[PDB]
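J.: Here it is, the structure, as structure tokens.
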Amino acid sequence: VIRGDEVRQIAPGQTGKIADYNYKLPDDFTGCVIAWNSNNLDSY
Amino acid sequence: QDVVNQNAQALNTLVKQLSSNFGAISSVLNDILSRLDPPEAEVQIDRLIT
Numbered sequence: 001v002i003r004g005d006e007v008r009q010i011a012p013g014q015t016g017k018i019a020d021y022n023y024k025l026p027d028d029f030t031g032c033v034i035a036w037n038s039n040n041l042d043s044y
Numbered sequence: 045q046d047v048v049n050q051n052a053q054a055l056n057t058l059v060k061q062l063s064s065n066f067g068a069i070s071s072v073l074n075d076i077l078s079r080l081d082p083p084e085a086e087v088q089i090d091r092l093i094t
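From first to last, the protein sequence lines are chains A and B.
For the first sequence, the positions run 1 to 44 when my numbering is used.
For the second sequence, the positions run 45 to 94 when my numbering is used.
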């Protein structure tokens, strides 16, 4: 689970703390990324 | 003299070709390879290589 402003950071070659420190996607073909909202899941 | 001079001139222009930026960001490889992210670095390198 990630911040709403980190969707631009999960990609091949994205600069930022979140990707370059926790999960950096290899700069190659990527199957793909799926996500949705969790306002009723956790919202800590 | 024509053979020697013309061969030398062809080699000279071959070496001179490295100065040209070939529409890339810059000519010297290390500068672009340092001051560009690897994504854009691959594109610029591709341009220079072709």
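In this text, a Cβ means the ideal position worked out from N, Cα and C, and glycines have one as well.
Closer than 8 Å by beta-carbon distance: list the chain B residues that pair up with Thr30/A, in chain order.
T.: Those do not exist, as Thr30/A stays about 13 Å from chain B at its closest Cβ, beyond 8 Å.
J.: Quick one: which chain B residues come within Cβ less than 7 Å of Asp27/A?
T.: Within 7 Å Cβ-Cβ: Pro82 and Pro83.
J.: Buried or exposed: where does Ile34/A fall if 16 or more other Cβ atoms within 10 Å of its Cβ makes it buried?
T.: That one is exposed.
J.: With DSSP run on the structure shown, which of helix, strand or coil describes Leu80/B?
T.: Here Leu80/B sits in coil by DSSP.
J.: According to the neighbour-count rule (16 or more other Cβ atoms, all chains shown, within 10 Å of its Cβ), is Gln61/B buried or exposed?
T.: Exposed, because fewer than 16 other Cβ atoms sit within 10 Å of the Cβ of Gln61/B.
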